[PDB]
Each structure stands twice: as structure tokens, then as C-alpha cells.
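# What the coordinates show
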Amino acid sequence: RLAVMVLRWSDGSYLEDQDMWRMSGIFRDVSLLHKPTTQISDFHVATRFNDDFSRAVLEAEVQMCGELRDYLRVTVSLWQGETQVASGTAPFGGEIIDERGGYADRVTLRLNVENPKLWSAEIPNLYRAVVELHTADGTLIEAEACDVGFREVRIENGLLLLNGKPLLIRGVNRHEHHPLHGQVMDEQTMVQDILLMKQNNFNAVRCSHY
Amino acid sequence: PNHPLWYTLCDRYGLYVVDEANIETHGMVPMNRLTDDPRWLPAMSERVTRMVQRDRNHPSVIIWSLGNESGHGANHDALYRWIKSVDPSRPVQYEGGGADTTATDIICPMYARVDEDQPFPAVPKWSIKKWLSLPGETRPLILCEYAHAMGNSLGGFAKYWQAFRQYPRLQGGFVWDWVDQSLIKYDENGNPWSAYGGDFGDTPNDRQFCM
Ligand SMILES: [Mg+2]
Ligand code: NA
Ligand code: NA
């Protein structure tokens, strides 16, 4: 049995003065997650490009918690549909970063990707990155994953560029609001909103204000 | 460069002066044919250097100009740097080759409009409000020529002044121009009349465009 005591007002309320209905409760999902003792505790995915975006490097930094041992490995594999386009395997132990050494509980994998399909609002090309924590001899401990979009965002010479080209933001601010359910969001409502936005030539959304 | 007395009168009465080298090669095709040619660098240099040597002590002179309508050539870049080296006290401007070249401290277009772009190939005349904020652009903008006062004209003059007052980096301009270049001719009765291009048997000519 769980017991949750939810307070409508707290010191946090001073930082939550958005122009919206003031409601309260357990208004998003509740879940139970099982992780192994030796686990992926964090991972970051970055994509860097050459000048014309014909070559990319996917860099995945992976952190573990738990029992750190020499047999441990991380494999990051990159998929385009059913095709594996890239893969890298390494033991834990990052590069030396200061006088005390490095992160023995971290590893950075670097994957070369030739002619990556690029992500934009126009063509949302995605790859799948699978992060496998495993023993060297082939025992999967656990896997985590994410959708990867190969894109660079940078400001250069006063312009916001996406994959080297200046964006024109056709945006809208969107609160999480339902006339019956209040601030509870469901998949159906989210999809309905996205379809209507795209059908009306929007390409961008601001999470006003959270 | 003007008659020497002009600068003394501007010193004393109080007018800001742009002193401009006697270099215009407008009729060349393309406009920079001579100004990009190193064989014409000596001749151009004398028109710039001898102006600076003569007029550099006049307080009324606040800006040096490399000339007018001669495109943009390497000779301009060389002479821009010569002036900057010998006289750091005054900005150098030049409109040729698109009004915002490496040979000018001031974006100095001629007849760029307030709100309307004129996107000519190679040498566009942007809206002056737009021009200021082009990616990477930081310089002030002062039109070397605007509001062409030919005949019944100066329509839209107020639009320029509204923009000049609203935008810090729009710092005004020079109207084209002060005085009609008409000449006096005499009829059979000896009565004077105002003449323009073609009235002296001059051909080819550009008729009333001198006024
Ligand atoms: Mg507010
Ligand atoms: Na101004
Ligand atoms: Na004229």
C-alpha cells in the first residue's frame, strides 16, 4: 500500500505563477520500474557533423551505478529501421580528466555515420540507438534506448541555423489543457493537437511554461 | 575637392563636410574596370593623397570619401587603408560596389528606399531599415544620396525622416541635390532662358537629368 499526501500549496508555488488554472493532485502517470543492481544510470547522445553534413559522429556517454568490474562493457548500436548502420563496444573507464584520474563508471562510444539522414520538422528522419550494458562474454544486463535525430542547432553570424540553414519559426505556445480532465494529458489529445498544428502550417511549439 | 574657400566657410558658418576625391569612372563596363587595375593605382592615389594633404586641417571635414560610382576595385581598398593610416581622425566612406564593401566605414547607399528592397544582382539596394540588421552588419548607415529632387519631387521625404529618428544607426543622409545645373541661353530678342542637356547641340546628351 502506497500513501501519498499531496499539498495544494507549497514554497514551490512561488515558482509556479503561470497564467493558467491553479489545480492540484497526481495529474501525470505513476509507474513502477525494475532496474538491475548494476545499471545504466544516465546516457547522453550527441551528433556532430562535417561542413556539408555528409559525415557525422554519434557520441554516446554512458554512466553506470552498482558493481563496477573489468568484465563490464557497453555496446551502442545505431539502427535505421531493421538495418544496423553502426556499432561500438567498450569497457568502462573514461579518459583522464584531472589529477585524480577519470570516471571509472563512465564510457564514451563514438560511432562514425556516413551520409546520415538528417532530422528536421520538414522530414523527421530518425534512427534508433540501443544502449546495451553487458558482460564482455555476452550477457545482457539491461538495455535502454532512444530515438536519434541527426541535426545540428547553432547560431552563426546572428542567425539560428538548423543543419546549416536559417530557420523560420512558425510557432505556437501550447499549455497542457483539457476542458474535462484539466491538466491531465492523454495520447489522443496530444496527437490531435500535433495533427492540427501541422495541418495549419506550424512547425514549432513552445512548452509554455514548464 | 571644392574651391579652397568652401572649407573655410564651412569651418566658420558651421557645416559638416564630406570631402570627396575626384574619381568617378561611371561609364566603364563594368564600373570597376579601371579601379581594379593596378596600372591605374598611381593616378587614383594622387587624387586621394593630394586631397588629404590639402584639406586635413579643416575642422568642417569630418569624413573622407574615395570618390563616386567607380565600382569597387582593389585600388579602393589600398587607398582606404592609406587614409586610415595617415589620418585616423576621420572615418572613410565609399558607396561603389554595393555601399557596404571593405572600403567603407559607413554603409552609404544611394537611393536605397525606407521599407522597399531593390534586389539588384551583385549590388542590391536593401531597405535601409533591413540593411542595418543584415547578418554580421554593425556599421552606421548614412545615405550618400537620397530623395532625388528632380522637378516636382521629394514625395515620401517624411518617410526617411521618421526612420532616421526611430533608428539609432540610421544617421541621416545627403539629399540629391542642392542646385539645378541649368545654363543660361539667349533668344533672338536677347532674353535669357534656362537650358539643359542637348540645348547646345551636344549629343549624345541626357536632357533634363542635369536639373
Ligand atoms: Mg505570467
Ligand atoms: Na537615427
Ligand atoms: Na543628374
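Bear in mind the residue numbers are our own, running from 1 along each chain as written, so they may not match the entry, and residues with no coordinates are left out. Chains and ligands are labelled by the order in which they are written, letters from A for the one and numbers from 1 for the other. Each value listed here was derived from the chains shown, which are themselves a piece of a larger assembly. Heavy atoms from the whole structure form the basis of all side-chain values; hydrogens and water molecules are not counted.

Residue and element names in this part refer to chain B. Metal sites are built from N, O and S donor atoms within 2.8 Å, or 3.2 Å for Na, K and Ca, and they leave out water, so they may look incomplete. Protein-derived ligands of the sodium ion (ligand 2) are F164 (O), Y167 (O), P168 (O) and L170 (O), with the metal-ligand distances lying across 2.4 to 3.2 Å. Sequence spacing of the donor residues for the sodium ion (ligand 2), all on one chain, is F-x2-Y-P-x1-L. Throughout, exposure labels follow a simple rule: accessible area from a 1.4 Å probe, protein chains only, divided by the maximum for the residue type, with under 20% read as buried, over 50% as exposed, and the rest as partly exposed. When its relative accessible area of 8% is taken as the criterion, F164 is described as buried.

Membership of the largest hydrophobic core comes to 26 residues, with the highest contact counts inside it found for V74(A), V76(A), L78(A), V148(A) and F150(A). Secondary structure is summarised from DSSP: a helix means a run of H or I of at least four residues, a strand means a run of E of at least two, and numbering begins at the N terminus for each. Those elements that provide at least two residues to this core are β1 (39–49), β2 (55–65), β3 (72–80), β4 (83–91), β5 (106–114), β6 (127–135) and β7 (140–148) of chain A. Note on contacts: a residue pair qualifies if any of its non-hydrogen atoms lie within 4.5 Å across the two residues. Filtering out sequence-adjacent residues up to four positions away, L78(A) remains in contact with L58(A), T83(A), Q84(A), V85(A), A86(A), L111(A), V113(A), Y127(A), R128(A), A129(A), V148(A) and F150(A). One finds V17(B), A21(B), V61(B) and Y94(B) within the second-largest nonpolar core, a separate group that totals 18 residues. Remark: nonpolar core denotes a set of buried residues (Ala, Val, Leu, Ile, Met, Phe, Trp, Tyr, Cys) joined through side-chain atoms within 4.5 Å.

Residue and element names in this part refer to chain A. Throughout, disulfides are identified as pairs of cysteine sulfur atoms within 2.5 Å of each other. Applying the stated criterion across every chain yields a total of zero disulfides over all chains. In this structure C207 is a free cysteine whose sulfur lies 18 Å from that of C146, the closest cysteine sulfur available. Exposure remark for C207: the relative accessible area of 56% places this residue in the exposed category.

Right, let's talk about the environment of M211(B) for a bit. Residues and elements named next belong to chain B. Within the fold, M211 resides in the segment after β7 (192–195). It is 6.3 Å that separates the C-alpha atoms of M211 and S182, two residues lying 29 residues apart in sequence. If sequence neighbours within four positions are ignored, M211 has contacts with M150, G151, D180, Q181, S182 and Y196.

Residues and elements named next belong to chain A. Ordered by their spatial adjacency, three strands build an open sheet running β1-β2-β5, and the pairing between neighbours is antiparallel. What marks the edges here is a single partner per strand, and that holds for β1 and β5. Sheet twist, expressed as the mean angle between neighbouring strand axes with direction ignored, is 20 degrees. DSSP calls a pair of strands paired once it identifies at least 2 bridges connecting them. Strand direction decides the pairing type here: β2 and β5, joined by nine bridges, are antiparallel. Bridge pairing in β5 places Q63 opposite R106. Axis definition: a line fit to C-alpha positions, over the contact stretch in the case of helices; interaxial angles, taken between N-to-C directions, run 0 to 180 degrees.

It is worth spelling out the sheet that holds β3(A) at this point. All names here are of chain A. Spatial ordering of the open sheet is given by β4-β3-β6-β7, a layout of four strands whose pairing is antiparallel. Since the sheet does not close on itself, it has two edges, and those belong to β4 and β7, each with one partner. Neighbour to neighbour, the strand axes of the sheet diverge by 15 degrees on average, direction disregarded. For β3 and β6, the ladder comprises eight bridges, and the chain directions are antiparallel. Looking at β6, one finds that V76 is bridged to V131.

Now for the UniProt feature "active site" in chain B. All names here are of chain B. UniProt positions are given in the numbering used here, feature names are shortened, and annotations may be inferred rather than shown by experiment. Cross-referencing UniProt, the feature "active site" maps to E69 and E145 in the present numbering. For the residues just named, distributed over 77 residues, the greatest C-alpha separation is only 11.6 Å, placing them together at one site. In this fold, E69 is placed in the loop between β2 (61–65) and α3 (74–86). Residue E69 is classed as buried on the basis of its relative accessible area of 16%. The contacts of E69, once residues within four sequence positions are left out, are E24, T25, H26, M31, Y94, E95 and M110. Judged by its relative accessible area of 9%, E145 falls in the buried class. Any pair of nitrogen or oxygen atoms within 3.5 Å is treated as a polar contact; in protein, a donor-acceptor pairing is required on top of that, and neighbouring residues in sequence qualify only through side-chain atoms on both sides. Within the structure, the side chain of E145 is placed 2.7 Å from the side chain of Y111, a separation counted as a polar contact.

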